[PDB]
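Data block for coords04.txt (compact mmCIF, C-alpha atoms):
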# COMPACT_ATOMS: atom_id res chain seq x y z
CA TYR A 1 -60.15 -104.36 179.30
CA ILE A 2 -56.73 -105.23 180.68
CA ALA A 3 -55.02 -102.07 179.48
CA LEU A 4 -58.03 -100.08 180.63
CA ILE A 5 -57.78 -101.77 184.01
CA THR A 6 -54.07 -101.03 184.06
CA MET A 7 -54.65 -97.31 183.62
CA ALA A 8 -57.59 -97.55 185.99
CA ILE A 9 -55.56 -99.06 188.81
CA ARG A 10 -52.75 -96.71 187.87
CA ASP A 11 -54.91 -94.17 189.65
CA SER A 12 -53.01 -95.30 192.72
CA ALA A 13 -49.30 -95.98 193.06
CA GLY A 14 -49.06 -99.41 194.65
CA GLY A 15 -50.77 -98.40 197.87
CA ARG A 16 -54.54 -98.15 197.73
CA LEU A 17 -57.38 -97.23 195.40
CA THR A 18 -61.15 -97.24 195.10
CA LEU A 19 -62.74 -99.37 192.41
CA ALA A 20 -65.71 -97.08 192.92
CA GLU A 21 -63.85 -94.14 191.44
CA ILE A 22 -62.02 -96.32 188.94
CA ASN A 23 -65.28 -97.69 187.60
CA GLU A 24 -66.79 -94.25 188.05
CA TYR A 25 -64.47 -92.79 185.44
CA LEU A 26 -64.40 -96.04 183.51
CA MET A 27 -68.04 -95.59 182.57
CA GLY A 28 -67.72 -91.82 182.54
CA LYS A 29 -64.99 -92.22 179.95
CA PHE A 30 -65.92 -95.27 177.92
CA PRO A 31 -69.29 -94.74 176.21
CA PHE A 32 -69.38 -98.22 174.73
CA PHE A 33 -69.10 -99.59 178.25
CA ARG A 34 -72.01 -97.47 179.44
CA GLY A 35 -73.94 -98.63 176.40
CA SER A 36 -73.60 -102.39 176.51
CA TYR A 37 -74.03 -104.00 179.91
CA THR A 38 -73.20 -102.55 183.30
CA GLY A 39 -72.47 -106.02 184.64
CA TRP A 40 -68.81 -106.45 183.81
CA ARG A 41 -67.80 -105.06 187.18
CA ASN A 42 -67.70 -108.72 188.14
CA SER A 43 -65.36 -109.77 185.35
CA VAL A 44 -63.51 -106.48 185.60
CA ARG A 45 -63.00 -106.60 189.35
CA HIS A 46 -62.19 -110.29 189.06
CA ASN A 47 -59.48 -109.70 186.49
CA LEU A 48 -58.53 -106.64 188.50
CA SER A 49 -57.39 -108.82 191.38
CA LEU A 50 -56.57 -111.69 189.06
CA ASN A 51 -54.34 -109.23 187.23
CA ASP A 52 -52.46 -106.97 189.61
CA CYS A 53 -52.77 -109.45 192.45
CA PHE A 54 -53.52 -107.14 195.36
CA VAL A 55 -55.76 -107.06 198.41
CA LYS A 56 -59.10 -105.30 198.71
CA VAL A 57 -61.45 -104.45 201.55
CA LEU A 58 -64.97 -105.76 201.94
CA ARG A 59 -66.79 -102.44 202.02
CA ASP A 60 -64.88 -100.62 204.74
CA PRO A 61 -66.33 -97.95 207.03
CA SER A 62 -65.75 -95.12 204.59
CA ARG A 63 -68.26 -94.96 201.77
CA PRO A 64 -69.70 -91.58 200.73
CA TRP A 65 -73.34 -91.87 199.75
CA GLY A 66 -73.10 -95.58 200.46
CA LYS A 67 -71.71 -97.25 197.36
CA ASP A 68 -67.92 -97.14 197.42
CA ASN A 69 -65.09 -99.63 197.72
CA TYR A 70 -61.48 -99.49 198.85
CA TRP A 71 -58.75 -101.68 197.42
CA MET A 72 -55.22 -102.00 198.73
CA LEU A 73 -52.54 -102.84 196.18
CA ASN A 74 -48.77 -102.61 196.41
CA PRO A 75 -45.59 -103.87 194.73
Would you encode the structure as structure tokens?
Amino acid sequence: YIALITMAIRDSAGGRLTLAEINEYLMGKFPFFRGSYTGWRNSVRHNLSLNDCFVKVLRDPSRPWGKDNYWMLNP
């Protein structure tokens, strides 16, 4: 989950990213994940910030459809 998260966050470049898209492809890539329990987003996101150690935004005014998230990470 760590490595996966690493490559997931890698989507960015130490600037900003959307966990919405990250998780979007996460489940769209990992079948086992989409066939176990779609409730790890809590442990994933948790470790996400508890891993990289960046800053996120509490649902900013920029969510298409109404279910997105923007995170801001940097070195």
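Compared by their closest atoms to residue 8 in chain A, and using only C-alpha atoms, the residues A:44, A:20, A:73, A:26 rank with A:26 nearest.
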May I have the residues within 12 Å of residue 41 in chain A as an NGL selection string, using all atoms listed in the file and disregarding those fewer than 2 positions away in the same chain? :A and (1 or 5 or 19-20 or 22-24 or 26-27 or 33-34 or 37-39 or 43-49)
Please list as an NGL selection string every residue within 12 Å of residue 15 in chain A, counting all atoms listed in the file and excluding residues in the same chain fewer than 3 positions away. :A and (9-12 or 18 or 54-56 or 70-75)
One-decimal distance in Å that lies between CA of residue 4 in chain A and CA of residue 40 in chain A: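 Result for CA of residue 40 in chain A versus CA of residue 4 in chain A: 12.9 Å, one decimal.
Computed from the coordinates, the CA of residue 32 in chain A to CA of residue 58 in chain A distance equals 28.6 Å.
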Using Å and a single decimal, report how far CA of residue 62 in chain A sits from CA of residue 30 in chain A.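 Distance reported for this atom pair: 26.7 Å.
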Give the answer as one residue: which of A:36, A:3, A:21, A:52 has the shortest atom-to-atom distance to residue 67 in chain A, using all atoms listed in the file?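 Closest to residue 67 in chain A of all the choices is A:21.
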